[PDB]
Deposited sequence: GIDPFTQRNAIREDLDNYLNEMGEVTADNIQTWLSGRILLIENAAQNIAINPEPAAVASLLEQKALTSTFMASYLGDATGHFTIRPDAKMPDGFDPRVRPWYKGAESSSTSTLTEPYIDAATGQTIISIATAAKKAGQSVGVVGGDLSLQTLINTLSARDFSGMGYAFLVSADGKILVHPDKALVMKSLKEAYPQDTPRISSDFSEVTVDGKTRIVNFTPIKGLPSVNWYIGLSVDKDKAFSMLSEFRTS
């Protein structure tokens, strides 16, 4: 009924964001691979400056175990900036594949972003970590391109991307303290803004390092009709 429409639409939404992310992950992997061939700083700079990267990401960059950092487009980083302590770096150094960060505060722009990152390895030997930034707004736009809306939630129940920006990086409990939607169940009903809503969770397949779900929240009335 409404159930099968929401299961279908969860699946299409999840598949869309997977295909959207997977090509961007491939660009960052490709970059880490090319950086590994020749990690010299002039060659690194030239690779990161290319249009395919600059038109896809806010910026791409390489940080290494000495703390050296190269970012394109170039940007004045904050005083004391050390790439090694940033969440994209730590997440990628402690992974055998590519990663995606949860939202965090961009050191370059001050905006909330996520990052795709992967370790650049020559002959099994790490030359640094390469990352590319995507804005939260870009993600919000991707999940919204009727009866309801889509949001992105981690498998811990942390809301990562939501059209209501106030709920970003709130747990499901904190965001919906009364009648908390459960990832463990097929459907959830919860009252918000004085309406009853039906909530669905669909896993996103094929992302490296992360286990994230598409949430669908729908009006019980404007779709039952």
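Chemist: Taking the deposited sequence as numbered from 1, list the residue ranges that were left without C-alpha coordinates.
Modeler: Residues lacking C-alpha coordinates: 1 to 13, 159 to 162, 243 to 250.
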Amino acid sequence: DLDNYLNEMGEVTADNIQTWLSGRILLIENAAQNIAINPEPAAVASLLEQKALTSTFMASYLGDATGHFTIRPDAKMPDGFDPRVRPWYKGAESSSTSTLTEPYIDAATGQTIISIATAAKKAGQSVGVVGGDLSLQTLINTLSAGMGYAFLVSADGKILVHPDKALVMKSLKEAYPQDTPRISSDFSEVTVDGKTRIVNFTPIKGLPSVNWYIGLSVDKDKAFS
From here on, numbers count along this sequence of modelled residues.
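We call the rigid core whatever largest set of C-alpha positions still superposes within 1.5 Å between the two forms.
Chemist: Rigid core fitted first, then name the stretch among 146 to 154 and 109 to 117 whose C-alphas deviate most from the displayed form in 6 other deposited structures of this protein.
Modeler: Relative to the shown form, the greater RMS C-alpha distance in 6 other deposited structures of this protein belongs to 146 to 154.
Chemist: Over the set of other compared entries for this protein, does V192 lack coordinates in at least a third of them?
Modeler: In at least a third of the comparable entries (those modelling both sides of it), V192 has no coordinates.
Chemist: Taking the mean of the C-alpha B-factors per stretch from the entry, tell me the winner out of 119 to 127 and 104 to 112.
Modeler: For C-alpha atoms only, the mean B-factor is higher in 119 to 127.
Chemist: Tell me which stretch has the larger mean Cα B-factor in this entry, 185 to 193 or 167 to 175.
Modeler: Averaging CA B-factors over each stretch, the winner is 185 to 193.
Chemist: From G80, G91, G132, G146, can you pick the one with the highest C-alpha B factor in the entry?
Modeler: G146 has the highest C-alpha B-factor of those listed.
Chemist: Taking the values exactly as deposited, rank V199 by C-alpha B-factor within its chain and report the matching third: lowest, middle or highest.
Modeler: CA B-factor rank for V199: highest third.
Chemist: For the chain shown, is the CA B-factor of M9 in the lowest, middle or highest third of its modelled residues?
Modeler: CA B-factor rank for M9: highest third.
Chemist: Would you mind ranking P41 by its C-alpha B-factor against the rest of the chain and naming the third, lowest, middle or highest?
Modeler: It belongs to the highest third of the chain when residues are ordered by C-alpha B-factor.
Chemist: Compare the C-alpha B factor of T70 with those of the other modelled residues in its chain, then answer lowest, middle or highest third.
Modeler: It belongs to the middle third of the chain when residues are ordered by C-alpha B-factor.
Chemist: Place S217 in the lowest, middle or highest third of its chain's C-alpha B-factors, as listed in the PDB entry.
Modeler: Highest third, going by the recorded CA B-factors of the chain.
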